Every structure is written in structure tokens, then in C-alpha cells.
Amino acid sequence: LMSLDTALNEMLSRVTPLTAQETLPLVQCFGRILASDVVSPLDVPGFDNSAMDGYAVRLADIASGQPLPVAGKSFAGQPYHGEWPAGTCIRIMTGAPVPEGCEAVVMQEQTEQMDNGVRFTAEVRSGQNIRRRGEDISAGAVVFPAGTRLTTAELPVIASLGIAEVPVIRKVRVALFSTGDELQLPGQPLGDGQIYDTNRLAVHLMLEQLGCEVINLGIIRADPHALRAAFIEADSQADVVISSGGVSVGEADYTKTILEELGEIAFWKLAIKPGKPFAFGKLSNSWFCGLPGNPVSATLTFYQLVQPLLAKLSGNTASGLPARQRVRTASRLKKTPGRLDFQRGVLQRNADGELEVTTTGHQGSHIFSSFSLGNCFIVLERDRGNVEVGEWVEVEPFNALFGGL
């Protein structure tokens, strides 16, 4: 009955971003949120300099109408000096500093020349083609705000200003555990209705990729005491505690009881497919997310619910979770009204070079394989029914957590 949107907002509304901070050299700062504005120690460019390669000119000698001969020149970290002879232009080259008292710059390609005077064409505006000191960054100004996620895009600019290190929010810490008599670890035999734990490994891998500190307390044994202790310890060392499965998501049993007695926890039933149940509330000193047990359900729930929560918790000012984009279905899709289906899809170029989703296969949450052969979701609007070939449909490309990049 509850909508992904309503729940997403319900979660994020109560989250107060972390603000503890440490200061590390740029090379360690990838994907780390910035603690405080970065303030440029130097003007960049450091001095007014030539837009193109061509000729630096005084506006005096232009309609002067006689051609102007190259008296001198300025290039890279070599400047120009020796008082500018009135009447002459100066062969200057892109990036190069202008000589004192210049007034414009003209691309020699515009202007044909000769062996004793260079002749210009257009009337050539004032200040033309002088990239000025600090046009790109001014000293004292704000280069990257608090909250900017550091990528290869921002960190080299920082390095360019002579800075060796920046303040950044501490990594988010997320404690992780599973439970249930059915669950066994690699090695052990399989009892009767037994399976190996997979959700925990799945949530770990994505937490680490997302840049969290994971604390993985294993498979708490099926006893209301083991469990109380799992929570005391998880809550004591994390900002978020995540049940990969086994702790209850609505069904009564001693796990619902330890949860209710150890914090304030809601038990949502979201209008999504796959999934539906999702457990979530405050603990003594952390947040709790309680994944449903089905691998696909858990994964998708985490991906669309918990992932966005860790972003806000990190200090990140962005809206961390890919954009969708409308594309034509090349496959008939079985959608049932009443639930928002995050079916899995395959974005491929048609013969025309445009995009079109194909379905991955059977969308039953009885199998994980759709994450592999897909590269995106097909978000199928809540109220929509079945979809025919050629109809339009929203699509959300996966991200790093599932392939490429």
C-alpha cells in the first residue's frame, strides 16, 4: 500500500548528515565528501594571457591603416620585455602572457601578412582575446563547496592550486548481519531446507563499493539472546545496521520482539515489485534497515532505499541514484497494476543507433540472473498494466555495483 516515494521521503527526512571529519591527501580522497569549501590560494590564470596565437596589438595602430610589422614576441613561461615600439604588432601565442599595455589579440589566420607589414581584417573589438588573470578561478573564491563528492573531475583542480590535502566527512559505518536456521556458510553441508547465505555478501559488496566502512558480524545464531547482542554491538559501532535477512520484516517471531524492544521500528509494505516488506527505524544510536529475505527483493530494496540513505548520511549534497530516461520497449512486458515494477532490462542500440530496452527474461524473484544479463531497470509505472512492443517506458541504467565503469 505504501509508495516507494512516500517511504524514500519518510526515510531521508529524519536523517541528519554526518559531520565528523578527517583530512587526508588528495590521492585518498576519491568519492569522499568534502568537509568544507575549498578556497583558491591563487589566481588561475595568474596573469593576463593570449587567447589564440596570432598578434598582440594596440588599438591605436589598426585603422591607422598602415600594416604593422612583428617587432617582438612572448610565448609560454618565457615572457616579453623591452618597451613596445609604437606602430608595431607583436607575434604572441596562445597561453602566452601579454606584454604590458596591450589592448587586443588577433588570430593570424584572420590576417594575411608580408615581409615588412602585417595587415588586419576585422575591426577587432576592445579587450579582444585576452584571457585575464583569474577568469577561471580567482584567489579567495570558492572552487568546490562543502558536500561535493570528490572525483577525478575535481581533485586535479585542487592539486593544481598547490593543495596537498582536504577535510572530508569520515566514512559512513554500516554494520551488517544475517540470521535464520536455514542459513549455512560455505563449507558446511546442506541440511534439509537449507541454503547458503547470499544477501549478506550482496549487501557487503555494495556497501564497500559505495565507500562505507562495513562491520560484518556474520550469521547471528537463532536465539533471542545472540540477537539482542548483535544489535547492542552493531548499534555501538555503526551509523547504520542492516539485516541482510532473517530479522523480521513484519511476521511475528522473537526477532520482531527483540527489534520492538530495542528501538522504534516501522514495518512498511511498499508498493513495489519485487519486494514489498521493509523494516526501518531508529535504534539507540544508529539507523536500522531490515531487508526482506528473498535475494532479489533484498537487493532491489537496498539499491533503491538504503543506497540513497547512505548518500544523504555521508554529507553528499547531490541526489545519488541514476536518472531514468524514456525509451521504446522491443519486448512485450507483463506488468500488473497496483505495484511499481522494477523489472530488469537490457539497453542496446537499434539499427538506427538509438536506444531500446529488451527484457532479460523471466522477472520472477525466484532467480538472481537478471542482474547479470541486464544493465538497467525498466521502471513500470504503478498503475500501468501489460506493455506491448514499441510502447514507451522509463528506464534506469544500473551503475558500477553491477557492471562496467
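The numbering used is simple: start at 1 and walk along the sequence shown.
For the two regions 316-324 and 229-237, the entry's Cα B-factors average higher over 316-324.
Stretches 188-196 and 215-223 differ in mean CA B factor, with 188-196 having the higher one.
If you compare the C-alpha temperature factors of 165, 208, 154, 100 in the entry, 100 comes out highest. Within the listed group 31, 353, 345, 45, the record reports its top CA B-factor for 353.
When the modelled residues of the chain are ordered by their C-alpha B factor, residue 54 lands in the highest third. Compared with the other modelled residues of the chain, the Cα B-factor recorded for residue 9 ranks in the highest third.
Ranked by Cα temperature factor within the chain, residue 332 sits in the highest third according to the deposited record. Split the chain's modelled residues into thirds by C-alpha temperature factor. Residue 361 is in the middle one. Among all modelled residues in this chain, the alpha-carbon of residue 26 has a temperature factor (C-alpha) in the lowest third.
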